[PDB]
Each structure stands twice: as C-alpha cells, then as structure tokens.
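To find a chain, count down the sequence lines: A is the first, B the second, and so on, and within it residues start at 1.
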Amino acid sequence: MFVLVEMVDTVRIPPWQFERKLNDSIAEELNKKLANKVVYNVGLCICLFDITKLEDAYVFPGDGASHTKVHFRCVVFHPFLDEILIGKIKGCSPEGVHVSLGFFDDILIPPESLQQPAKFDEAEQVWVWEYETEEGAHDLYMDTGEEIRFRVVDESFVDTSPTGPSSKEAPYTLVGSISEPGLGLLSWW
Amino acid sequence: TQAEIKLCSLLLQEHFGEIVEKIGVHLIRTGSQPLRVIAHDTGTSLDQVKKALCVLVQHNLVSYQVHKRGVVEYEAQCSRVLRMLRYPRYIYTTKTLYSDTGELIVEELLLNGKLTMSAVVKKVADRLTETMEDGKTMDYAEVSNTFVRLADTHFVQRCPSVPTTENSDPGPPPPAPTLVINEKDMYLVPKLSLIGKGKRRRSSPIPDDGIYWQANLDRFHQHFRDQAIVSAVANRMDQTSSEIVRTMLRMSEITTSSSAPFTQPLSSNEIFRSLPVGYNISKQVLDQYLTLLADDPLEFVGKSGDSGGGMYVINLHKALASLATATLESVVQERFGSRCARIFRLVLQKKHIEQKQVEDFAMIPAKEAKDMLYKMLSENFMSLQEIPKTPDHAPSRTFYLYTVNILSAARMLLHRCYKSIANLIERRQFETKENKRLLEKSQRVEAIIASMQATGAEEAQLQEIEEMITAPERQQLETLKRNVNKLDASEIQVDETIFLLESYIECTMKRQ
Amino acid sequence: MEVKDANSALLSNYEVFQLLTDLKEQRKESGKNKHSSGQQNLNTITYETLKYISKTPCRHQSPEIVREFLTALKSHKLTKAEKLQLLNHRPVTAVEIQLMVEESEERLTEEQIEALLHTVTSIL
Amino acid sequence: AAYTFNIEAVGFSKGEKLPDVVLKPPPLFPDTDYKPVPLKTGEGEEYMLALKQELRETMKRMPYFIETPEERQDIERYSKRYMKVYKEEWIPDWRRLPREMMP
Amino acid sequence: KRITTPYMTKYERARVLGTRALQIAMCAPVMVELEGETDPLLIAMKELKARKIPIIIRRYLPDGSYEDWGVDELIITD
Amino acid sequence: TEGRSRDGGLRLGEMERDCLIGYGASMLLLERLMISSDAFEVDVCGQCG
Amino acid sequence: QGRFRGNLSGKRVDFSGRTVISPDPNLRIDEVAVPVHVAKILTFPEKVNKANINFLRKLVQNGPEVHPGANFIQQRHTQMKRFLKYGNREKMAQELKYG
Amino acid sequence: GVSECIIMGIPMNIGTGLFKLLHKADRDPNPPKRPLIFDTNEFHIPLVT
RNA sequence: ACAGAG
DNA sequence: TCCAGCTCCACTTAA
DNA sequence: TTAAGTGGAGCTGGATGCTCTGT
Ligand SMILES: [Zn+2]
C-alpha cells in the first residue's frame with residue numbers, strides 16, 4: 001500500500017566516521033532526517049529503501065567533512081483514494097470517529113459519511129447504530145476499538161511552516177467513509 | 001503602456017485563458033519575435049505555443065510576416081485586444097440599425113473571429129430557432145438578405161485573402177503565404193443558391209470556401225463619432241438642428257475618409273431632398289439654421305464654398321477637440337468642485353495667465369483659488385510656462401504663467417481610464433473567486449432541479465432544495481449580484497470616455 | 001532535499017515486511033546515543049509499522065508466491081490498484097470485491113467473482 | 001535648533017508660525033468631499049449589461065478557451081471512461097496559417 | 001589519457017596538507033603510525049611523505065572538463 | 001578599534017592584500033579578511049534576492 | 001576612508017601585534033623571537049583530539065598566567081567561552097572531551 | 001573576480017582555489033539495487049485498449 | 001585638526 | 001596641482 | 001543658396017602613500 005519516492009540530498013559525513021563504508025554511513029544519516037516525518041506533498045516516510053546512485057565526495061574549504069549528493073528511494077505511506085484499510089478505533093468524539101492505522105492516528109470518519117440509521121449521539125461520546133431486529137440502538141464503537149474497515153475518500157496536506165519571524169497541528173490528514181455495504185467492524189460482514 | 005498590458009492580461013485570461021494570455025502579453029510587451037524564442041522566453045512547451053498563436057491569429061489579435069531567411073515573426077496588435085471590451089456595444093448598435101438577425105451575425109463574427117459566409121448564415125439560423133415557436137423555421141434567405149445589407153453599409157468586411165499560388169510564384173511552398181488586401185472585393189459578396197432551415201436541437205463542396213468575413217470595427221467608430229457630434233448639437237441648439245447634422249453625416253458616410261479634417265461639402269439644395277419628409281420646414285428656413293450654426297464659435301460647421309447655392313462642411317477634427325475638452329472639463333468638475341472647474345475654463349480661454357489675474361477674473365478669493373491651482377499641477381491637469389529674466393532660471397526672478405495643454409491632459413486622462421477598468425475587473429474577479437464556495441453550493445441545489453428535470457421526475461424533490469442551510473446564506477448572493485452588476489455596468493460606461501479621448505488623440509497624429 | 005518523482009511505484013506490504021525484517025537483522029546492534037532525537041524517530045516508525053503488518057495476512061508469503069499470484073490473476077482484466085488490494089487484504093467473502101473492484105457486479109459475472117474468491121484463497 | 005540651510009531663504013521672516021509636528025500618520029483612505037456620479041439606467045443601457053455577462057459564459061465554453069493540461073494523476077481506474085471530459089475540437093484553415101504551426 | 005603535469009604544484013601541496021591537518025584536528029583516523037607528534041600539520045606532512053593521504057585532486061581545465069589525480073601518484077617535490 | 005589606546009589591533013591594508021594574492025594564498029586571505037574581523041550571517045530570500 | 005578601500009578591501013584584524021625589532025643572530029633564518037607578553041595574549045584554537053589530549057590538559061592546568069597555558073575553553077556544541085582564570089582548572093582539564 | 005571575492009568573503013579562484021578536493025572514501029557508486037517484487041512490467045499489461 | 005616615528 | 005569626455009561653433013564640400 | 005559631417009576650442013569632473021603614537 002506504500003509508494004517509493006525518488007529524492008536527492010547532499011549528506012555531510014563528518015571526519016570521525018571515515019572508518020566506515022560510505023554506503024552504510026550515508027543511509028544512517030538519511031534515516032535520521034526522514035523517518036517518521038511527513039514530507040509535504042508525498043506523505044509519511046517510513047525508512048530508506050535503497051541508494052540508487054552516489055556522486056563524488058567533495059571536501060569544501062573551511063571544513064573537513066565530505067559532502068556527497070545522494071540519489072535514493074524511500075518507502076512512504078501514501079494511500080490512493082478509495083482504498084480499503086483495516087485499523088483500530090482509538091477514540092469516540094462528537095466530531096466523528098478517530099481511527100488508528102498503527103503508526104498513523106489522524107484518520108477521520110466524518111458523521112456526514114457514517115452509517116445512516118443513527119446519526120446524532122444522545123449526549124454520549126460513543127457513537128451509535130440502530131437496527132430494528134438486533135440491538136436496540138445500543139450497538140457501539142467500543143473504546144477498546146476492535147478493527148474497523150474503512151474506505152479513504154479524501155486526504156489533505158496543511159503547510160505547517162512558520163508564519164512571522166521565529167523568536168503543532170496535524171500536517172497530514174486522512175478522511176474516510178464507512179457508509180458502503182461491506183464496510184464497518186469486521187464482525188458485521 | 002503598463003496600464004494597457006495589465007488590462008490586456010485580464011481580457012485574454014477571461015476570454016481565452018491562462019496558456020494563451022502568457023503568449024499574448026509577451027508579444028505585446030516585447031514586440032515582434034520568431035516562434036522558437038516565444039517558447040524559450042516563456043517556458044511553455046512548443047505544442048502549447050502553436051495552439052496559443054493559432055487562436056490569437058484566428059481572432060485577428062496577432063499578425064504575422066515573413067522576414068529575411070524565411071522565418072515567420074508574429075506581432076501583437078495591442079489596440080485590437082482592448083477592443084474586445086467594446087463588444088457588447090457593437091452587438092447593441094447593430095440591433096438598433098438592423099433586426100435580430102443582424103444582431104446574431106455580428107455576434108458570431110466577433111466570437112469566432114472569422115467566418116465564411118456559408119458558415120454564418122447556418123449558425124444564425126440555428127440560434128434564432130430559440131426565439132420562435134409553433135413550427136416556424138428560420139430560413140437562410142432572410143439571413144443573407146440582412147448580411148448583404150450589412151455588407152453595403154460596410155459594417156462587415158472580407159478578411160485579407162490568400163494569394164493564388166498558380167498565378168503567382170508556383171513552386172516550393174513558402175513558410176507563410178504573405179497575405180495581401182484587395183480593395184475591389186472587400187464588399188462584394190458571393191452568390192449562394194443553397195437554402196435551408198435551422199435545426200431545433202433535437203439531438204436524436206462549398207462555393208464560398210476561403211471567403212472569410214470579419215466585423216469592420218472602424219465602421220462602428222464612424223457611427224459612434226456621429227452620435228457624439230449629433231448629441232452635442234441636440235443639447236446646444238435643438239433637436240431639429242441635430243437632425244440637420246445627422247442628415248449631413250449620414251450622406252458623408254460613403255464618400256469620405258475616416259480620418260480627414262473636412263468631409264466632402266454638400267449644398268443646401270441637396271440636403272433638402274435628403275431630410276425626411278415629415279420635417280415641415282421650408283428651404284429658406286433650412287438656410288437660416290445653416291448660417292446660425294456657422295456663426296457659432298464652437299465651429300462644428302463651416303462654409304468652405306460658394307457654388308450651387310449655400311455650401312457647408314462639417315468639421316470632424318474640431319468637433320472632437322470640443323468633445324475631448326468637454327470630457328476633460330467634466331472630470332475636473334466632479335473631482336474638485338465647480339469653483340475649480342471655473343478656474344480650468346478660465347485658464348483655458350485666457351491661454352496664459354497668472355495668479356493675481358485668476359482671482360480677479362473668477363471672483364474666487366486667495367487661499368481658495370491657489371489651493372485649487374496647486375492641486376491641478378499635481379494631477380497634471382495644468383502646466384507652468386516659466387518665462388525667465390536671466391539664464392539662472394532662479395525662482396525669485398521669473399513669471400510663472402499658467403497654461404492648460406489639452407493634448408497632454410488627454411493622454412494623461414486616458415492612462416487613468418485603462419487602470420480604472422482594470423481595477424473594476426480586479427474587484428469583480430476577487431468577489432467572484434472568494435464566493436466559489438457559495439456559488440458551487442447554490443449550483444448543486446439547482447443542479448438537482450436541472451438534472452432529471454422531466455423524465456421520471458417526481459414532485460417529492462421540490463421542497464428539499466431550500467432544506468439545505470443555504471437559505472440564510474442567500475442574503476449574500478443578492479449582495480454578490482448587485483455588486484457584479486454595478487461593476488460590469490461601470491466597465492461599459494468608462495469605454496464611452498476612452499473612445500472620446502482616443503479619437504481626439506488618433507486624429508492629431510499624422511504618423512508621417 | 002528535492003524530489004524527482006513523487007509516485008514511482010506501488011508496493012505490496014510483503015516488500016515492507018521483507019525490508020523491515022532485513023532491517024531488524026542489522027538494527028539494535030548499536031543503541032541510541034541521545035546526541036539527537038533522530039535515532040528515536042527511526043525506531044518508533046520501524047517497530048510500529050512491522051507490528052501492524054505482522055497482524056495483516058501478508059506474512060508467510062515469498063517472492064515466488066507473489067509472482068505466481070500475478071501470473072494467475074493476469075487473465076482477469078484488473079487494474080494495478082485492484083490487483084494490489086486483493087494481494088494485501090486476502091478476501092474470503094464476496095462483498096468486499098464490490099468494494100475493492102469498482103462496478104464488479106457489471107464487469108465480473110457471478111461465476112467470475114466466485115472464481116476470484118477461489119483464486120485468492122488457493123494461492124495466498 | 002537651526003538647520004544646515006538658512007530658514008530665511010525658505011521664508012518665515014517674522015520668526016514664528018512654523019508648521020506643526022505630525023504625530024500619527026494620515027489614514028490610508030482619507031475622507032473625500034465629492035462622490036461619484038450615479039450610473040446611467042435605461043432599457044438600452046441594461047441590455048448591454050446582460051449581453052456582457054453572456055459573453056463570459058459562452059467564450060469559456062467555446063473551443064478557443066484552451067484550458068491548461070492536467071498531469072500527475074496517481075493511478076488508473078475503471079472510472080476513467082466514465083469521467084473522460086469530452087469536448088469537440090476546432091480545426092483552423094492551414095492555408096492562411098504558416099507551415100511552422102501544424103500540430 | 002591525462003595531459004596535465006605529473007608534478008604536484010605548491011598550491012596543491014599547500015591545500016592537501018591544510019585539508020588533511022583540519023581533518024586530523026577533528027577525530028579522523030591517522031593512516032601513519034604517529035610517534036608523539038601533537039601538531040596536526042606535522043602529522044599531515046608524514047602522511048604526504050608516506051603517500052597515505054586519501055585525497056584526490058580534481059584538476060580543472062577552463063572549458064569545464066576535469067582530471068582526477070591521486071595525491072599518491074603525483075610526483076611530489078620541495 | 002583604531003589603536004593602542006583603544007586596544008585597537010592592526011590593519012591588513014590594500015598593499016598587504018596585494019602581497020597575499022601573489023602567493024596564491026586564498027584561504028589565508030579569507031581567514032584574515034573575513035573570519036578574524038567581521039564574520040556574519042544574513043537571511044537571504046531566494047525569490048526576491 | 002570609505003567602504004571599498006577602508007572597510008572592504010582592507011580592514012583591521014585581531015590576533016595581531018606590533019613591537020620594536022632588534023637583531024638576534026642565534027636564531028635560524030626561519031625563526032622569530034616573540035616576547036612572552038605577546039605570546040600570553042595571542043592564542044590559537046587547538047581542537048582536542050587523540051594526539052593532543054594529554055598535552056592540552058597540562059596547558060589547561062597552567063592557565064592564563066604561566067606561559068605554556070590557556071585563556072579559554074569551549075565545549076563541543078556550545079559557542080560561549082569559559083574564561084579559564086576562574087574556576088578550578090584541574091577539574092576543567094579532567095572534563096576535556098574530544099571536539 | 002578576485003576583488004569582489006574578497007568583498008563578498010568567498011575564496012578566490014586563483015592560487016589554491018583553482019581545483020577541488022575529493023575524499024577517497026571506501027565507497028561503491030551505483031550499488032546493488034533491491035529488486036521490486038510486485039510492480040514489475042511483465043505482470044501489468046495495460047487494461048485499456 | 002595638528003605634531004611625531006619608520 | 002594635472003588630464004580625458006562632452007558640447008558649442010565656424011569651415012569647407014555637395015546638392 | 002544651404003544641409004550636413006567634421007575640424008578646433010572651452011567647460012567640467014575626476015584624481016593625487018602607507019601605517020601606528022599622542023593631545
Ligand atoms: Zn522574499
């Protein structure tokens with residue numbers, strides 16, 4: 001479900017690390033700058049996948065470190081629209097249902113895309129669903145959060161960059177839907 | 001011309017879009033260029049440049065010529081881009097002289113840029129079906145009958161023709177065919193025996209091929225020039241006197257240059273038969289009018305002859321100088337008030353004048369006149385002569401004669417107009433873009449009514465439209481429309497000022 | 001840092017399983033130094049991704065299992081985004097094919113859908 | 001305190017009534033005594049108002065309005081044929097147009 | 001083939017010793033067996049005489065082409 | 001600062017600059033005339049310059 | 001005395017000194033005698049590494065007033081400087097790190 | 001040029017500035033790539049005609 | 001601004 | 001205290 | 001006869017060494 005992103009960078013290798021093969025030292029110094037961070041237009045970087053090319057290791061004047069331009073590919077969790085995923089409920093809230101996908105927690109099920117039978121919680125945090133035959137409106141998305149299946153209808157990037165001179169909002173947002181048949185808790189289908 | 005290029009950028013974006021306004025503005029700003037560097041200076045791909053250039057040449061907005069070594073150079077026609085703004089006034093004035101068929105002819109010619117005579121009579125017939133009902137078709141005969149009347153009156157004219165390759169230079173194909181204008185056949189229509197009917201949108205080899213036709217924009221300016229002169233005479237003298245002027249100008253139409261100081265003289269003996277039969281005036285009283293017009297110091301008419309009875313000419317250049325001055329004085333009056341407009345007409349008649357004579361002559365005191373004088377310098381309505389006593393040019397020993405120059409103040413005022421329209425468009429587009437949220441929302445509710453209008457459409461959908469939360473919002477959309485309708489209407493009305501000022505500037509230039 | 005291709009390839013979750021397992025074989029032979037939080041970011045994202053994938057049915061697969069899965073599914077007129085989803089989630093009921101494949105009730109006949117159920121569960 | 005220039009060369013022969021010191025800058029949009037002339041109305045000046053708005057809505061739909069091409073669509077799907085933006089294409093007259101502009 | 005002179009110029013010698021001294025001042029591995037020297041530039045001069053310096057000199061021709069010469073394969077001289 | 005009273009320091013003039021160029025001493029001329037006088041950092045916008 | 005000649009092409013520099021010169025033939029031609037009063041002021045930043053750690057410790061212990069000594073000490077990723085006249089120098093010598 | 005390099009604080013081209021130094025690291029350029037398993041061309045002939 | 005020193 | 005450009009003005013050729 | 005291109009003469013603006021050492 002992931003993608004590769006082809007990226008370039010100039011990596012500074014300091015001179016105490018000259019006792020190590022360069023392809024090992026470069027990869028470590030790249031994971032330290034990319035892992036668990038969102039790169040704006042492309043998504044959340046998991047780790048470096050491989051180095052595809054490695055240019056000349058210049059030494060610039062006034063420093064002793066070596067600078068080398070690296071060509072590399074990185075595994076990034078970018079899910080395409082209308083994809084099916086499975087994940088666990090962390091919380092119920094008035095604004096909707098919040099889903100976790102392992103590492104990723106900013107998954108929104110909006111109430112405009114929830115199941116139609118029940119749509120306004122009666123002063124309760126937990127969301128509800130009513131079926132006439134079974135369960136009299138007490139069926140619920142439990143706080144323990146047994147895995148739901150959801151379909152990612154929308155995603156948005158918000159540019160979390162400094163405004164004004166210098167001297168926490170979620171930068172990657174994902175919006176699901178659950179209204180289709182076959183979506184929901186796994187035990188329902 | 002930074003105001004012109006800013007205004008041309010908006011017009012091309014609204015009528016043609018983003019990847020062609022880039023090429024259009026670049027041609028206006030840099031002048032003529034070969035094709036390869038138009039792409040490179042812009043970063044557009046070569047296929048998009050060809051698409052952009054071919055649409056700008058279709059609507060007659062760029063010319064092309066062959067040069068040394070056979071390269072084509074394109075060249076933008078800046079003034080012809082600005083005349084896209086006057087298009088509704090053209091479509092209205094054809095509806096005044098001609099029926100609704102003549103309105104739809106000019107609309108198709110202006111929107112497609114060039115059309116063949118077979119193509120226009122087709123598309124006018126197709127569109128006039130919506131104006132009629134109960135079986136009656138539009139037929140191609142009554143379309144052409146107005147087109148050939150448009151042609152004789154010179155509102156529509158043939159485009160520059162491709163040359164005959166077989167007669168001239170047979171052989172290797174040229175990079176561009178080096179088009180030329182023929183003076184004989186501009187107003188000579190092809191004869192068409194084919195007739196037919198317009199299709200009512202049910203949805204369930206060509207003889208005049210290459211005879212393209214386009215609107216003759218210079219003929220509309222000769223119409224609008226007449227209306228400015230005729231209406232000025234209607235105010236100052238009388239409606240009867242205005243008709244005498246309208247009679248002279250309508251005869252002048254076919255036999256005079258669109259740029260000349262004087263038209264062909266006409267005798268009062270031949271004016272008499274040309275005036276409509278309802279004007280219960282004797283020939284002797286007709287000569288009373290003509291002398292009292294010629295006595296006027298505004299000199300809209302003059303004598304210029306004595307043969308065949310009384311001979312009279314109407315002055316084209318001197319009427320425009322009056323109208324440009326009346327335009328120039330009217331903006332002074334509204335911006336700074338009547339007492340300042342007094343001083344503007346004072347200095348204009350007392351061609352060079354000093355402060356102590358201004359307060360004496362206008363009966364405006366000091367500390368009120370001088371404040372008005374010094375503002376008119378700083379808005380470039382008025383000038384200083386500064387005759388020196390000595391080659392020091394020192395301020396203590398020179399007499400600061402004021403002057404009004406009409407030509408420079410007309411060029412200055414025209415520059416204010418181009419930026420004024422650009423601002424009005426910028427306000428409309430800002431309020432349209434920042435309400436795309438509500439405009440989509442008000443579309444989608446109306447889309448539920450438009451889509452599935454009749455087939456299977458139950459009555460159970462007519463109340464669910466106002467059930468959305470857009471019903472309180474509606475107050476904003478009434479504010480939107482009243483804003484846009486005032487901004488659009490002001491964008492039309494400032495064009496009345498441009499045409500008066502530009503026609504004066506156009507005639508004083510000899511372009512030698 | 002500059003990006004030369006945003007979307008380059010689609011990855012199965014088996015390749016990420018194989019990547020992080022090969023990563024784990026050579027990680028944690030040196031600990032975090034706390035000269036910078038950079039090592040903390042790498043550990044938390046690697047661990048939580050694999051703990052997610054280890055609860056997905058992508059385990060026990062292999063390169064020759066995945067390659068032959070495409071070979072069997074080659075003849076079925078499915079796009080990449082549909083073949084990818086059938087691999088990663090292991091469908092066993094009929095309903096999620098209408099989710100994972102658009103207009104499946106129009107493109108695939110009921111016998112073709114039930115052949116697709118068997119093609120998944122016999123190979124995977 | 002005196003300046004570099006002599007103030008008597010500018011003016012101020014009496015020795016008083018120097019202009020005051022501006023404390024706060026003047027506002028960006030100062031108030032004006034005069035107002036715009038109200039617009040012209042009529043049955044003819046309003047028909048030009050409606051024809052002007054119909055030329056925007058038409059010339060955006062006509063084939064001369066070359067829209068910018070889209071790019072970097074992520075994946076292919078079966079909703080591509082259902083969502084193909086169909087529009088007919090205009091063709092020029094390549095006699096008048098130069099040879100250098102064929103697509 | 002490489003057309004430029006095989007001798008190390010005084011400017012190449014000055015900057016190799018400088019860049020190596022700055023690298024030995026930071027905690028880089030020393031390739032020679034040092035013998036109680038403390039001054040980084042003196043250690044770099046032993047590495048030059050022993051031909052152990054890991055620097056490549058990229059000679060630049062004015063058209064933009066280049067030649068990569070090893071410090072160990074230039075002819076050093078006083 | 002300018003001199004002994006103010007613990008001023010010494011000048012690398014336009015003539016001493018001409019000497020160091022003739023040695024080809026590019027880094028020493030950078031150390032003397034930037035690093036040990038007036039080294040600074042500015043924020044430069046790459047868009048407007 | 002303008003920018004381009006007075007402050008840009010040439011400029012006042014620190015770590016500089018001036019004194020009267022006098023002969024000494026017992027020095028080699030590549031040597032110059034520097035007085036102790038200038039040598040105690042003109043400092044050189046020696047970066048701590050494996051070859052000089054035990055040498056610089058003795059210099060830190062002597063401190064500012066004895067000639068083979070040191071005036072300042074600066075920590076690895078810090079840009080403030082500890083003036084070594086105060087504090088106990090035998091503690092600051094023990095806490096030398098590489099870098 | 002030399003004079004504007006001293007003004008702007010960048011090392012002059014002449015002298016020791018004419019050449020660049022590369023570090024002789026033990027590196028393998030164009031290293032062995034990880035094969036993709038899924039998104040290879042032979043299994044993904046286009047759907048549309 | 002002047003005097004010095006090399 | 002010494003020295004290149006810029007502009008004004010007479011001075012022949014040419015139609 | 002005069003339009004014009006080029007000579008000769010006067011006006012204008014620029015420049016004139018490097019540092020410390022004191023009042
Ligand atoms: Zn900026």
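- Side-chain nitrogen and oxygen atoms of F:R11 include at least one within less than 4.0 Å of the OP1 or OP2 phosphate oxygen of K:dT19.
- G:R12 has no side-chain polar atom (N or O) that falls below the 4.0 Å cut-off from OP1 or OP2 of K:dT19.
- In this entry the distance linking CG of F:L10 with P of I:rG6 reads 18 Å, nearest Å.
- If you measure from atom CD1 of G:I21 to atom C1' of K:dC20, you get 15 Å, rounded to the nearest angstrom.
- When the side-chain nitrogen and oxygen atoms of G:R18 are compared with OP1 and OP2 of I:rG6, none of them lie within a distance under 4.0 Å.
- On the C1' atoms, J:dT1 is 25 Å away from K:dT19, given to the nearest whole Å.
- Here K:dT21 counts as north. Its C1'-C2'-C3'-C4' torsion is positive.
- Note: CD (F:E14) to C1' (K:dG17) measures 10 Å, nearest angstrom.
- G:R57 places no side-chain N or O within donor-acceptor distance of the main-chain N or O of G:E90, the cut-off being under 3.5 Å.
- The furanose ring of K:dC11 falls on the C2'-endo (south) side of the pseudorotation cycle, as its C1'-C2'-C3'-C4' torsion is below zero.
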Give the dot-bracket string for RNA chain I, reading 5' to 3', where a pair is Watson-Crick or G-U wobble with both distances under 3.5 Å, ( ) marks pairs inside the strand, [ ] marks pairs crossing earlier ones, | marks a partner on another strand, and . marks unpaired. ||||..
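- An OP1 or OP2 oxygen of K:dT21 is reached within less than 4.0 angstrom by no side-chain nitrogen or oxygen of F:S5.
- In this structure, G:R5 does not reach the K:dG17 phosphate: none of its side-chain N or O atoms is under 4.0 Å from OP1 or OP2.
- Sugar pucker of K:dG7: north, as indicated by a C1'-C2'-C3'-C4' torsion of positive sign.
- We find that CZ of F:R4 is positioned 7 Å from P of K:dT21, with the value rounded to whole Å.
- The minimum heavy-atom distance linking D:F12 with D:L18 is given by the pair CE2-CA, 3.8 Å.
- When Watson-Crick and G-U wobble pairs are counted only if both distances are under 3.5 Å, J:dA14 pairs with K:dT2.
- No contact: F:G3 has no heavy atom under 4.0 Å from any strand.
- The torsion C1'-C2'-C3'-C4' is the criterion here, and for K:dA15 it is positive, giving a north pucker.
- Contact annotation for F:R6: no contact, since no heavy-atom pair falls under 4.0 Å across all strands.
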B:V404/B:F344 under side chain to side chain contact (heavy atoms under 4.5 Å, CB included): CA gap, chis, key distance, verdict: CA-CA 8 Å; B:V404 171; B:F344 186 65; 3.6 Å; yes
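- The side-chain tip of H:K20 points at the ring of A:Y58 from less than 6.0 angstrom away and within 45° of straight on.
- For B:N405 (side chain) and B:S383 (main-chain N/O), no donor-acceptor pair under 3.5 Å exists by modelled atom type.
- Using the sign of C1'-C2'-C3'-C4' as the criterion, K:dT19 falls on the north side of the pucker cycle.
- Between the CD atom of G:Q1 and the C1' atom of K:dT19 there is a distance of 12 Å, rounded to whole Å.
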Step by step, work out the side chain to side chain contact (heavy atoms under 4.5 Å, CB included) result for G:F15 and G:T43. CA-CA 8 Å; G:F15 298 100; G:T43 53; 3.6 Å; yes
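- Between D:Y3 and D:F5, the angle of the ring planes stays under 30°, which puts this pair in the parallel group of the 30/60° scheme.
- Of the residues E:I43, E:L42, E:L48, the one that meets the side-chain contact (heavy atoms from CB on, under 4.5 Å) test with E:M45 is E:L42.
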